[PDB]
Amino acid sequence: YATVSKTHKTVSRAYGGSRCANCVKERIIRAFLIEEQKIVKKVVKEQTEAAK
Amino acid sequence: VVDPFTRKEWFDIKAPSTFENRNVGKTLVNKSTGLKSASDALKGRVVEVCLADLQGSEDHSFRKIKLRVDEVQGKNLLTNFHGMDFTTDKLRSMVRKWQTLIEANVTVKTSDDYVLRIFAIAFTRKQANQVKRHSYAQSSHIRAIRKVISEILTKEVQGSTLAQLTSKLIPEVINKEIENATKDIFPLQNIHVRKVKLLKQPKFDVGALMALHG
Amino acid sequence: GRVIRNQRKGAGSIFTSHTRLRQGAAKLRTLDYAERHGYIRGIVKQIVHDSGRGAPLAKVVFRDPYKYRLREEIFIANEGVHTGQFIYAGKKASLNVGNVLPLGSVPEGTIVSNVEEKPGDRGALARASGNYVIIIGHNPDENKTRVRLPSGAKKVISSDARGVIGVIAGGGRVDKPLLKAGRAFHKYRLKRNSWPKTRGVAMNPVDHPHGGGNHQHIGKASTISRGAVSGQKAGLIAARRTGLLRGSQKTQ
Amino acid sequence: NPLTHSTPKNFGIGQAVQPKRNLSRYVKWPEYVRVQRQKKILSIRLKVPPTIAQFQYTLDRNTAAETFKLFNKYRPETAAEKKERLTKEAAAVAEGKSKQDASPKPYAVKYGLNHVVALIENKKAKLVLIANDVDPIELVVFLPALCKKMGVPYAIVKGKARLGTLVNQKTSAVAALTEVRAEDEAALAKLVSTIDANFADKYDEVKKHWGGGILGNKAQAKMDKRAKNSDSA
RNA sequence: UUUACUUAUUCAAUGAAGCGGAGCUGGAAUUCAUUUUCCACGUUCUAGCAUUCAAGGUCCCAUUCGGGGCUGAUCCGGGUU
């Protein structure tokens with residue numbers, strides 16, 4: 001492995017030389033979705049404890 | 001040489017703050033002699049006595065009160081509400097043949113880290129110009145009355161432990177509430193608590209045990 | 001007389017563990033800071049079966065709360081647990097199947113597994129394939145949780161004592177006869193040589209205690225004192241009962 | 001301010017990285033620190049004997065400050081000045097031929113266990129100071145009780161080292177002074193009565209004085225939860 | 001003749017990380033006049049991401065090309081459990 005180029009061995013992509021990118025597609029969509037669902041389920045708490 | 005009667009000390013039993021006349025009776029226990037006493041070692045005792053002789057009523061002579069040992073201060077130990085059992089001639093008298101009986105189970109807790117369980121047995125009656133000496137229910141009657149009794153007691157016993165629990169059971173608010181509610185169609189008489197006993201207390205702490213004294 | 005099998009196996013050599021290929025042992029996440037306080041967002045790696053057992057193991061990896069680190073710890077088998085199940089661990093984590101926390105910090109009747117007389121033991125009782133434990137008593141005075149084992153034991157432990165909800169994945173394992181003693185040979189392939197077994201009435205007097213007689217028999221009552229000598233130990237060690245079994249042992 | 005925008009970070013149980021905490025309390029300890037600290041700690045666990053209970057029990061700082069304020073000018077002849085003692089009776093006993101008595105007898109602070117012990121038996125000492133040190137407790141236990149039955153002064157101080165540092169040694173344990181100065185004679189008298197009502201007569205009550213029986217802050221605050229929250233609220 | 005605390009003796013466990021108490025906030029019995037007290041203390045839709053004195057808040061820098069604590073995350077006391 002250690003005797004090749006980056007642009008020949010692995011790729012110039014995100015986690016190209018670790019997982020597979022297919023199981024990594026179901027990741028960005030699962031990760032970025034609950035990061036916005038986390039701010040959506042974060043500000044709701046900022047008002048549930050403001051009225052009292 | 002034995003003679004163990006000279007080693008048995010006499011203890012006086014008091015009553016709660018929700019009941020009248022604190023002075024009940026004089027019984028015996030165990031005075032310290034051949035090494036052994038009666039204080040912070042066991043305290044696994046209760047009290048079985050009718051609140052009729054511990055109040056002053058004859059037309060209302062039923063409902064046995066169950067208590068528990070608390071703390072002793074110089075030969076004057078108090079007690080707290082930890083039960084309320086009944087006699088067999090009370091249940092065997094209300095239950096006759098040709099009529100309908102009901103069993104309703106419910107669990108209610110407080111805010112002082114206390115736990116207790118209550119019950120409620122319901123019965124039936126007649127109407128104006130009745131001919132038949134019989135008639136049963138139809139199932140679509142028993143289901144409704146069961147979930148109604150549980151509702152009112154689970155939201156009137158939480159907070160200030162057995163202090164508020166007894167503040168509605170003795171003055172009979174539950175008996176006249178369920179009686180007039182379903183009275184719009186089919187009434188039903190009696191319906192009491194019957195057997196009710198507590199079993200889980202917080203721990204010790206003289207601070208919380210003083211908020212309920214007299 | 002000579003020496004007998006079990007007495008020889010006492011010294012050790014090959015009567016060891018047939019591991020090597022095996023993934024690991026049975027030790028969860030010892031109770032610490034957040035474990036006796038709150039909880040954690042647990043993540044199960046997979047349910048790979050151990051190379052030499054009956055019921056598989058849930059290799060639950062924990063997200064290290066001291067820097068970006070992920071060490072894979074180990075639990076037992078839990079009836080119905082998928083890959084990627086958020087199995088949370090914490091005294092403040094709700095009572096869910098597969099999830100774990102204190103027995104006194106949960107209700108009576110609750111069936112847990114991998115129970116331990118001490119919180120953080122990473123593994124003690126209720127760990128065998130297909131069996132369970134049931135909490136039949138809760139005395140909050142001096143953290144005491146009275147739980148019941150498979151034969152009928154009243155071992156009252158701590159309220160902070162570690163116990164995970166669920167039964168061990170592997171029920172009905174012995175509810176099915178193997179027929180072929182060959183797969184019985186296949187099971188011991190990664191266990192030990194505690195099989196095959198023989199009759200002492202077959203060996204010679206020197207070979208074993210039952211030994212001798214060109215007519216075949218034990219000689220002296222099979223019944224032996226529950227604490228016999230390290231040479232006369234082979235038979236019925238304390239059989240107050242013997243014939244129609246009632247599972248009674250110490251006192252039932 | 002121009003581009004200084006922050007965001008919150010949780011640390012509260014089961015989540016987030018726990019940074020630089022003060023591990024000072026729960027840190028890995030070796031066998032050497034293990035016994036020396038729990039040594040003086042096992043010494044507060046059980047009751048201190050009638051003989052001891054006086055070790056940890058001592059004199060006040062200010063009074064002992066003077067018991068060293070004048071004891072510094074009482075430093076014996078070091079290697080260089082002791083060699084200067086031999087050059088004064090060599091340029092006198094030869095150049096003027098002296099009869100031994102050329103250099104005046106010593107007027108400094110006394111040093112020596114066995115000897116300062118023999119000083120109280122012959123009570124030839126003017127003052128005596130004792131130390132609450134020494135590894136073998138049963139080795140120097142007779143210093144206070146002898147001073148008492150012979151009437152010689154004894155003020156247990158924190159510093160057996162200064163006893164020997166301003167004496168050319170390292171340790172000494174007994175700082176006596178059977179002499180005085182043609183001006184520091186006031187120091188002798190003042191201290192003889194000050195140290196008198198300090199421990200001499202104190203022993204009349206400390207006659208059957210017992211100590212120890214104390215636990216750590218752990219068994220002390222939870223000891224005030226069972227036995228204290230028993231009656232007192 | 002009886003049970004208590006622990007320091008000897010002794011178990012189990014970790015790469016001695018969460019101890020005793022109390023307290024900052026809030027909630028939960030409500031006050032015999034005011035703090036007369038009990039519980040929690042960022043993580044529960046989902047095979048994800050978590051790491052460089054954390055960033056911020058604040059001051060000395062002799063101003064700089066870069067740096068330091070305190071709190072953040074309570075503090076007191078050394079008895080890892």
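Residues numbered from 1 in each chain as written, not as in the entry; some residues may be left out. Chains lettered and ligands numbered in written order. Part of a larger assembly, values for the part shown. Heavy atoms only, no water. Residues with missing side-chain atoms left out of burial classes, pairs and counts.

Listed as the method for this PDB entry is cryo-EM; the listed resolution is 4.2 Å.

Draft legend 1. Helix α1 (residues 31-45) of chain D, seen in detail. Here α1(D) contains 15 residues, and its C-alpha end-to-end distance of 20 Å stays within 8% of the 21 Å for a straight helix at 1.5 Å per residue. The axis of α1(D) is deflected most strongly, by about 35°, at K39(D). (Helix = DSSP H or I, 4+ residues; strand = E, 2+ residues; numbered from the N terminus. Expected span 1.5 Å × (residues − 1). Bend = angle between axes of the 7 residues up to and from the residue.)

Draft legend 2. Seen up close, unusual backbone geometry. In this structure, the amide linkage connecting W195(C) to the following residue, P196(C), adopts the cis form with an omega of 0°. Note that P196(C) resides in the loop between α3 (182-188) and β10 (223-224). In this structure, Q216(C) takes a positive phi of about 70° despite not being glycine. Along the polypeptide, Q216(C) turns up in the loop between α3 and β10. One non-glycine residue, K123(D), lies in positive phi territory at about 40°. Summarising the element assignment, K123(D) is placed in the loop between α4 (113-121) and α5 (142-150).

Draft legend 3. Examining the packing of aromatic side chains more closely. Between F62(C) and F75(C), the ring centres sit 6.1 Å apart and the planes meet at 10°, which makes this aromatic pair stacked. With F62(C) in strand β2 (residues 60-63) and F75(C) in the loop between β3 (70-72) and β4 (100-102), this pair connects stretches of sequence that are 13 residues apart. Relative to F71(D), the ring of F68(D) lies with its centre 6.4 Å away and its plane at 55°, an arrangement referred to as tilted. If you follow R27(A) out to its NZ or CZ, it ends over the ring of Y15(A), 5.5 Å from the centre. The aromatic ring of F199(D) is capped on one face by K202(D), whose charged end is 5.8 Å from the ring centroid. (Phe/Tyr/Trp six-rings, centres within 6.5 Å; stacked < 30°, edge-to-face > 60°. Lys NZ or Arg CZ within 6 Å of the ring centre and 35° of its normal.)

Draft legend 4. Region of interest: the pairing of strand β5 (residues 77-81) of chain B. Residue and element names in this part refer to chain B. Where strand β4 (residues 64-72) lies against β5, four bridges are found, and the strand directions are antiparallel. Bridging across to β5, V69 finds its partner in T79. From the end of β4 to the start of β5, which pair antiparallel, there are four residues, and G74 there has a positive phi angle of about 55°. (Pairing = 2+ DSSP bridges.)

Draft legend 5. Local environment of the pattern of salt bridges. A salt bridge links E35(C) to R29(C), with the shortest nitrogen-to-oxygen separation between them at 2.7 Å. Here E89(D) and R85(D) are joined by a salt bridge, their closest N and O atoms 3.1 Å apart. Because the salt bridges share partners, they merge into one network encompassing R22(C), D50(C) and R53(C). (Salt bridge = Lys/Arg side-chain N within 4 Å of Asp/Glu carboxyl O.)

Draft legend 6. Representation of the interface of chain C and chain D. The interface is formed by 11 residues belonging to chain C together with six residues belonging to chain D. Along the lines of polarity and charge, the residues of the side of chain C that touches chain D split into seven nonpolar, two polar and two charged. (Contact = heavy atoms within 4.5 Å. Nonpolar A, V, L, I, M, F, W, Y, C, P; charged D, E, K, R; others polar.)

Draft legend 7. Region of the structure containing the sheet that holds β2(C). Residue and element names in this part refer to chain C. Across the sheet, three strands lie side by side as β1-β2-β3; this open sheet has antiparallel pairing. Where the open sheet ends on each side, the last strands, each with one partner, are β1 (43-44) and β3. Sheet topology note: the β2/β3 ladder contains three bridges and is antiparallel. Across the sheet, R63 pairs through a bridge with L70, a residue of β3.

Draft legend 8. Region of interest: the pairing of β2(C). All names here are of chain C. Two elements, β1 and β2, share two bridges in a ladder whose sense is antiparallel. Pairing of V44 across the sheet is with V60, part of β2. Between β2 and β3, which follow one another and run antiparallel, lie six residues, and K67 among them has a positive phi close to 150°.

Draft legend 9. Representation of the sheet that holds strand β7 (residues 144-148) of chain C within the structure. Residue and element names in this part refer to chain C. On the basis of which strands lie adjacent, the open sheet formed by six strands has the order β4-β9-β5-β6-β7-β8 and antiparallel pairing. In this open sheet, the two edge strands, each paired with only one partner strand, are β4 and β8 (154-157). Recorded for the sheet is a direction-independent mean angle of 45° between the axes of neighbouring strands. (Axes fitted to C-alpha atoms, helices over the stretch in contact; angles between N-to-C directions.)

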